[PDB]
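A.B. asks: Please find one structure pasted underneath; my questions will follow.
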Amino acid sequence: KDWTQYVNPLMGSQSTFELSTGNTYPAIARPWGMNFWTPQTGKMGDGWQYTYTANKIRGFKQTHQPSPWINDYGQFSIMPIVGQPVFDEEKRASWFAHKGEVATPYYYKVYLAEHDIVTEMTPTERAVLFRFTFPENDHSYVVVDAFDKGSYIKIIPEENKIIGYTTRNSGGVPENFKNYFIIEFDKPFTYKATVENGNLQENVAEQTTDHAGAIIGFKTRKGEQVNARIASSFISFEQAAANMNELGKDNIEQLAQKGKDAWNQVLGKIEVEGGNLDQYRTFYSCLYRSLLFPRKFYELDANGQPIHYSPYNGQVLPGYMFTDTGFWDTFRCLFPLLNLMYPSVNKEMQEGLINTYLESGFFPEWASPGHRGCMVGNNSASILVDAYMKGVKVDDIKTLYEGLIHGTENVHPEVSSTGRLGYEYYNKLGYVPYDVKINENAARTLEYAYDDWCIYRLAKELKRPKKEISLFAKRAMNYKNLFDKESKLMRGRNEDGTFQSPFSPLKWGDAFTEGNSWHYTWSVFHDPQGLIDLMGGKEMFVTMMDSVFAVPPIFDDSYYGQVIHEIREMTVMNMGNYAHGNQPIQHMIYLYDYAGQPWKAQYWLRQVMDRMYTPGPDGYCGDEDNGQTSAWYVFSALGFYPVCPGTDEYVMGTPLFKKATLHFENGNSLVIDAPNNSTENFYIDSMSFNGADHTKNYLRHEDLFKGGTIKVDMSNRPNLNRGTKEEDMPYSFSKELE
Ligand SMILES: O=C1N[C@@H]2[C@@H](O)[C@@H](O)[C@H](O)[C@@H](CO)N2C1=O
Ligand SMILES: [Ca+2]
């Protein structure tokens, strides 16, 4: 049974700076591939490296880029051509169309109109096989671009080989950073020239220069297939040569199929049925996107043991290592999806995190490949703890604990988004002041508070001294310190203790991060009852939640000086202030469950699943962000969501398919049966879990792992009585102390 047929790698590529519909590129790769490959439409250096609207392809690129904002490293490209041998990235470019293009997660094909050449490629974790089909011609060449900012290239004719290294990067790299690559052709060169800063140097074997390049060529007869075996490494040329064995002796088709099996082996852990083709495509495309980042950043040694170039100190060290994720996005539901469906993969990730801390002094927040200055919060604490509480345990709990503590009282000296910016204020005043020139201070405060709740949880589980437990228990309630009784919202707070004036809840940025108070106020994943309590009780809380959907999408962009795409994205949806396009509010709807109106969540979640996700190139309503916006759909379509990582709970929403089946790593399975599900039947009239009636609005990790069957009675009417009792509510820190 093949699920790859549903995956559309182009979903997200019809995106512009002014309005995101995903901001993705076609990532032709294995699951968590160390090296992704992609057609390249944009010019070198542009974060929009492939846009669906582009007329021309200028190369086939090894890329690691996690987003057009973070940009790229370890990047070089290859491009077959005919006619004059040109290195220029514009002159070598060829028209193409999508009806002449085939994109799968394991295989990519395209017809380059102006060269009359077909290109195909199938990657492994670290290597890729290209096959170029050339027309009849005296002058057929292949261009190899090592990119600029200091690269290297050497042609080695007596082995039909080219080698090189690329360094162009967007920060986050040690001084010795290099991506080492090798390229073997199966046809001898009849022409060879290296390129040096735009200059063609025929029969000059090698260059070390700003922008190194190489062009090789030959005579071709009609339909002649030239294959290139490619691999790279962050360690060395000798390791790059070892990586090339990934390719075995396979040709395109045999590799494609091993690639397709690899993907089916992971997509197939979740089988959905009983929906339309749109839904299958949207679901499995989203699932695929959730299985890409963070990337493997280790390589296999001669004995098949994991080793890695540290992007933190530049040494080569044994053990796991991953990168290219921003925890500010991915703590929310992406890493949780991994603890549920792929625990053994996140095991390697956590081992990796431990290695990051040993090698750099901090657990990372945004990493690409080393520490990068981007976003806010200390949400690594949530990643680390949620894993552990879910049975994904690192070997060195001692180091784990120390690293957590370390980041609660240090910010990284060159990367302000690593450790906690403004911890001093936060540890003393219980919040980050609005007026001390630390932006996004209210956002930092609410996340730090949650992050401390997680640490509290781990302190507790580990039998730490009551004094560490208590200190984090207290800090966990730090969200109270920004709550404004009048507006019933969170609000920037001055160093002296007075709230900032004037206050606009519609202002984006400033106190908050790419959102406004209406988006950020809900960031109390560990204690919604505490937030209800703050607002005056469930009814008022509900009244506030409704407003988010009902108010016009007015805004205040002064902080940014332009209508950034996250704002635009929100405005166009006609969903009030509900900005699903950005991470901070993405859990909000499930909150209804906590106030005893689960039917409202069910309504709104289906509106989102139905309207805000489509399977085409313009598929998302905002940035995808490395699994987060996608895993959201995956979770929601199954019918529940990790509102609060660190707990063992998944908060109930409403399933999208008539039947979904989870195959867990432990050999057990779980069938979620919604036989009456339909376009109109989105309310849950009742549930049962293995014959036992289930009224609660949450599911426990441990129970799901046991397997069996959950039955969902779908209906078009809201059941005003199910899920309203105190015992039906998911976890809030305020409750407890019990
Ligand atoms: O301008 C940016 N938009 C996105 C953010 O919204 C955030 O989701 C990403 O982690 C982060 C990195 O992609 N981003 C930016 O820097
Ligand atoms: Ca975003």
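For the authors' numbering, count along the sequence shown from 1 and bump the result up by 19. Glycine included, every Cβ here is placed at the ideal spot set by N, Cα and C.
(1) I'd like to know whether the C-beta atoms of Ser255 and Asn54 end up nearer to each other than 9 Å.
(2) Who are the Cβ neighbours of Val192 in its own chain at under 7 Å, not counting the five residues just before and after it?
(3) Tell me the rounded alpha-carbon separation between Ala492 and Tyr498.
(4) Using beta-carbon positions only, say whether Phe341 and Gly371 come within less than 9 Å of one another.
(5) Between the segment 361–368 and the segment 108–127, do three or more beta carbon pairs fall short of 8 Å?
(6) DSSP state of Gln59, grouped into three classes?
(7) Please indicate yes or no: does the CB of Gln369 lie closer than 8 Å to some heavy atom of ligand 2?
(8) Which full runs of the alpha helix (DSSP H) of 4+ residues lie inside the segment 348–424, going along the chain?
(9) Need the endpoints of the alpha helix (DSSP H) that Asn246 sits in, please.
(10) So which of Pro521, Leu419, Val582 and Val411 has the shortest CA-CA distance to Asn685?
(11) Closer than 6 Å by C-beta to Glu421: which residues in its own chain qualify, once you throw out the five before and the five after it? Chain order, please.
(12) What is the DSSP secondary structure of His117, reduced to helix, strand or coil?
(13) If we ignore side chains and look at the alpha-carbon of each, how far apart do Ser523 and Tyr622 end up?
(14) Starting from the C-beta of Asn195, find all residues in its chain whose C-beta is less than 8 Å away, skip the five residues before and the five after it, and write them out in chain order.
(15) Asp405 and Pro362 look like a contact to me (Cβ under 8 Å); what is the Cβ gap, rounded to whole Å?
(16) Got a sec, what are the start and stop residues for the alpha helix (DSSP H) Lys486 sits in?
(17) Just to confirm my understanding: we take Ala495, look at its own chain, exclude 5 residues before and 5 after, and list those with CB closer than 7 Å. What are they?
(18) Since I believe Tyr613 is in contact with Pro547 (beta carbons under 8 Å), could you give me their beta-carbon distance rounded to a whole number of angstroms?
(19) For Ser32 and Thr70, which I take to be in contact (beta-carbon distance under 8 Å), what is that distance rounded to the nearest angstrom?
(20) So, does the segment 119–127 touch the segment 20–31, judging by three or more C-beta pairs under 8 Å?
(21) With a threshold of 8 Å, establish whether the CB of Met589 neighbours any heavy atom of ligand 1.
(22) Just the C-alpha distance for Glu139 and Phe151, rounded to the nearest angstrom, thanks.
(23) Using the rule of at least 16 other Cβ atoms within 10 Å of the residue's Cβ for burial, across every protein chain shown, is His117 buried or exposed?
(24) From the DSSP secondary-structure annotation, give me the bridge partner or partners of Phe79.
(25) Using DSSP with H/G/I as helix, E/B as strand and the rest coil, what is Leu723?
(26) Is the segment 728–743 touching the segment 660–668 in the sense that three or more CB pairs, one from each, lie closer than 8 Å?
(27) Can you list, in chain order, the residues of its chain whose CB lies under 6 Å from that of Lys526, leaving out five sequence neighbours each side?
(28) Is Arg510 closer than 9 Å to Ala530 when the C-beta atoms are compared?
(29) Closer than 8 Å: is that where the CB of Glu466 sits relative to any heavy atom of ligand 4?
(30) If you follow the beta strand (DSSP E) that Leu689 is in, where does it begin and where does it stop?
(31) Grab the span of the beta strand (DSSP E) containing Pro142 for me, first residue to last.
(32) Counting only the same chain and skipping the five closest in sequence on each side, list residues whose C-beta sits under 6 Å from that of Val285.
(33) Taking DSSP's pairing of strands, which residues face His327 in a bridge?
(34) Report yes if the C-beta of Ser86 is less than 8 Å from at least one heavy atom of ligand 1; otherwise report no.
(35) May I ask which residues mark the beginning and end of the alpha helix (DSSP H) holding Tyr622?
(36) Does the distance from the CB of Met563 to the CB of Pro617 come in under 9 Å?
C.D. replies: The answer reads as follows:
(1) In the sequence shown, the residue the question calls residue 255 occupies position 236. In the sequence shown, the residue the question calls residue 54 occupies position 35. At the C-beta level, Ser255 and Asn54 stay beyond 9 Å of one another.
(2) Against the sequence shown, residue 192 aligns to sequence position 173. Cβ neighbours of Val192 beyond the five flanking positions: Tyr92, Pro330, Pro388 and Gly389.
(3) Numbered from its first residue, the sequence shown carries residue 492 at position 473. Numbered from its first residue, the sequence shown carries residue 498 at position 479. Rounded to whole angstroms, the separation of the alpha carbons of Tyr498 and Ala492 is 12 Å.
(4) Start at 1 with the first residue of the sequence shown, and residue 341 comes out as number 322. Start at 1 with the first residue of the sequence shown, and residue 371 comes out as number 352. Cβ atoms of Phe341 and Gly371: closer than 9 Å.
(5) Contact fails: fewer than three Cβ-Cβ distances are below 8 Å.
(6) One-based indexing of the sequence shown puts residue 59 at position 40. Note: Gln59 maps to strand in three-state DSSP.
(7) Stepping through the sequence shown from its first residue, residue 369 is reached at position 350. No.
(8) Entirely contained in the segment 348–424, the alpha helix (DSSP H) runs reaching 4 residues are, in chain order, 353–360, 362–379 and 399–408.
(9) On the sequence shown, position 227 is the one that residue 246 refers to. Careful: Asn246 lies outside any alpha helix (DSSP H), inside the beta strand (DSSP E) at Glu243 to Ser252.
(10) Taking the sequence shown and counting its residues from 1, the one referred to as residue 685 is at position 666. Answer by Cα proximity: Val411.
(11) For the purposes of this step, residue 421 is identified with residue 402 of the sequence shown, where counting begins at 1. So no residue of the chain qualifies.
(12) For the purposes of this step, residue 117 is taken as residue 98 along the sequence shown, with counting starting at 1. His117 falls in the helix class under three-state DSSP.
(13) Start at 1 with the first residue of the sequence shown, and residue 523 comes out as number 504. Start at 1 with the first residue of the sequence shown, and residue 622 comes out as number 603. Taking the straight line from one Cα to the other gives about 29 Å.
(14) Residue 195 sits at position 176 when you count from the first residue of the sequence shown. Answer for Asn195: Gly333, listed in chain order.
(15) The residue you call residue 405 lines up with position 386 of the sequence shown. The residue you call residue 362 lines up with position 343 of the sequence shown. Contact between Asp405 and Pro362 does not hold, since the beta-carbon distance rounds to 11 Å and is not under 8 Å.
(16) Taking the first residue of the sequence shown as position 1, residue 486 is located at position 467. Start and end: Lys485 to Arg494.
(17) One-based indexing of the sequence shown puts residue 495 at position 476. Taken in chain order, the residues that qualify are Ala468, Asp471, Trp472, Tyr475, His545 and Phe752.
(18) Here residue 547 corresponds to residue number 528 of the sequence shown, with the count starting at 1. Here residue 613 corresponds to residue number 594 of the sequence shown, with the count starting at 1. Contact between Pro547 and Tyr613 holds, with the beta-carbon distance rounding to 4 Å and staying under 8 Å.
(19) Locating residue 32 in the sequence shown gives position 13, where the first residue counts as 1. Locating residue 70 in the sequence shown gives position 51, where the first residue counts as 1. Confirmed, about 6 Å.
(20) The segment 119–127 is in contact with the segment 20–31.
(21) For the purposes of this step, residue 589 is taken as the residue at position 570 of the sequence shown. Every heavy atom of ligand 1 is 8 Å or more from the Cβ of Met589, so no.
(22) Along the sequence shown, one-based indexing puts residue 139 at 120. Along the sequence shown, one-based indexing puts residue 151 at 132. Rounded to whole angstroms, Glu139 to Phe151 spans 6 Å at the Cα level.
(23) Here residue 117 is taken as the residue at index 98 of the sequence shown, counted from 1. Counting every other CB atom within 10 Å of its CB across the protein chains shown gives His117 a total below 16, marking it as exposed.
(24) Mapped onto the sequence shown, residue 79 falls at position 60. The partner list for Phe79 (beta bridge, DSSP) reads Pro58 and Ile97.
(25) For the purposes of this step, residue 723 is identified with residue 704 of the sequence shown, where counting begins at 1. Annotated three-state conformation of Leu723 is helix, per DSSP.
(26) Contact between the segment 660–668 and the segment 728–743 is absent, because fewer than three Cβ pairs lie under 8 Å.
(27) Sequence index remark: in the sequence shown, residue 526 carries index 507 (1-based). Around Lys526: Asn535 and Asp575.
(28) Along the sequence shown, one-based indexing puts residue 530 at 511. Along the sequence shown, one-based indexing puts residue 510 at 491. Inclusion of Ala530 and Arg510 in the CB contact set at 9 Å is warranted, their separation being smaller than that value.
(29) Among the ligands in the structure shown, ligand 4 does not appear; only ligand 1 and ligand 2 can be found there.
(30) Reading the sequence shown from its first residue, position 670 is the one you call residue 689. For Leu689, the uninterrupted beta strand (DSSP E) segment begins and ends at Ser688 to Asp692.
(31) The residue labelled residue 142 in the question sits at position 123 within the sequence shown. Element bounds for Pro142: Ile136 to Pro142.
(32) Locating residue 285 in the sequence shown gives position 266, where the first residue counts as 1. The residues are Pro50 and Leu310.
(33) Within the sequence shown, numbered from 1, the residue matching residue 327 stands at position 308. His327 has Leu336 as its beta-bridge partners, per DSSP.
(34) Looking up residue 86 in the sequence shown gives position 67. Yes, since a heavy atom of ligand 1 falls inside the 8 Å radius drawn around the Cβ of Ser86.
(35) Translated into the one-based positions of the sequence shown, residue 622 becomes position 603. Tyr622 -> alpha helix (DSSP H) spans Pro617 to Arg630.
(36) One-based indexing of the sequence shown puts residue 563 at position 544. One-based indexing of the sequence shown puts residue 617 at position 598. At a Cβ-Cβ threshold of 9 Å, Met563 and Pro617 do not count as neighbours.
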